[PDB]
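A single chain comes next, written as structure tokens; it is the form solved without the ligand.
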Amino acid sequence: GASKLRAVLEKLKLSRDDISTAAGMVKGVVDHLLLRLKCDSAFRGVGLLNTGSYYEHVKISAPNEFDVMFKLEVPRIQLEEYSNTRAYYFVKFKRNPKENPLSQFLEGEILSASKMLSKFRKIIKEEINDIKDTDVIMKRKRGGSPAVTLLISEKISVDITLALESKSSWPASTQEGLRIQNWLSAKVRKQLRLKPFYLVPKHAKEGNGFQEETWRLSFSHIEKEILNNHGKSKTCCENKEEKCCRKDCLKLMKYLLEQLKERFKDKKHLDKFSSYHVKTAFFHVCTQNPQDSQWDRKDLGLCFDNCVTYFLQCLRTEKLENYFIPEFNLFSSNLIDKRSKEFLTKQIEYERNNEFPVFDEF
């Protein structure tokens, strides 16, 4: 019916106009840090990957939560796959034309993420002390995950991820991924694979067996491009007659998971599940439902139910392929325990049967 769902979207947007003030505060700090990082020998070519102000909001429940990614271009990269995981690689250099300033970040022959991150945190920490025009402090240490957490005016938090940039062709593991031919045409897919790919140092809970010095592929820039150009029609959501509910279904699905995680934060068995699992499942639904008529504004309740049931199927069958790397199973028994998915399945099933009481009125 979406009468309830519409009411949900209306309160989430009222908080995003309040964000614009804090968004400018993020940009000011980010621009300042980039200025210093460029003055460093190793971080000479750093910069923002995508739109700096108002970057990713992993939490939509928390407007104060901010996510930022820094790109560092390194040419002539030799990627060695780690144990056929297909999502994690070792970074090596080729031929050594001459020693690079990045040689201070490598152990043995592989490029160490720990060394690069350590100096990265030190340079940032040095700067926020020299900033008294804007009250900022650094959080420590969040388990060791690459994200550096800063806090502006004691209310908003900003996570800064350092990523490597490669303008070479996408790895072989992404060959059969990004299947958007029926949805966004083979031309667009081909254009997207011409874009550079990115490497991100491993998570806090990696989890083993990981050598601790491997890097994970990142295509968040492609995901954003798809989100802003989601329609089968080139004018989708550019006029009143083509206002689909794709983005809304993604928000509701992300907000559902967050509300569930907040509800069971004492057990910490929904913490493995992140907004990226939801985001991954959503892209698959878009692939299975490429027509814009399958995402009509009037069928918001019906469209959201499809996203829910598909996510349920992914839990039961324990299959959730990475949208770019097919052989990478996000819901594999090695990444998340089976009891966790069954727990999440039961909770979601309860929400579907009782018209999602966790959403509203609140």
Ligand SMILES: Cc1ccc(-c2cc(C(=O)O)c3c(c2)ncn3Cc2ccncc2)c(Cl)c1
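If you superpose the two forms and keep the largest set of C-alpha atoms that fall within 1.5 Å, you have the rigid core. All residue numbers refer to positions in the sequence shown, first residue = 1.
Just so you know, the form solved in complex with the ligand exists too; it's not on screen, but the next bit is about it.
Within 4.5 Å of the ligand in the deposited bound form, a heavy atom is found for all three of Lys202, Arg216 and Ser220. Look at 96-104, 278-286, 74-82, 125-133: in the deposited bound form, residues with non-hydrogen atoms within 4.5 angstroms of the ligand sit in 278-286. In the deposited bound form, the ligand lies farther than 4.5 Å from every heavy atom of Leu164.
Not displayed here, the ligand is kept clear of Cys249 by more than 4.5 Å at the level of heavy atoms in the deposited bound form.
Although the partner is absent here, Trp295 sits far enough away that none of its heavy atoms falls within 4.5 Å of the ligand in the deposited bound form. Not displayed here, the ligand is kept clear of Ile156 by more than 4.5 Å at the level of heavy atoms in the deposited bound form.
Just one of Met116, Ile226, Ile110, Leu150 comes within 4.5 Å of the ligand in the deposited bound form, counting any heavy atom, and that one is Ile226. Residues are counted as partner-facing when one of their heavy atoms sits within 4.5 Å of the ligand in the deposited bound form; in 53-79 only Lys59 qualifies. Annotation for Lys205: C-alpha shift of 2 angstroms or more between the shown form and the other one, rigid core superposed. In a rigid-core overlay of the protein, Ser293 has its C-alpha displaced by under 2 Å between the shown form and the other one.
With the core superposed, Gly144 shows a C-alpha displacement of at least 2 Å between the shown form and the other one.
Note: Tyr89-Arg142 Cα separation is 3 Å or more shorter in the deposited bound form than here. The Cα-Cα distance between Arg216 and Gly144 is shortened by 3 Å or more in the deposited bound form relative to the form shown here.
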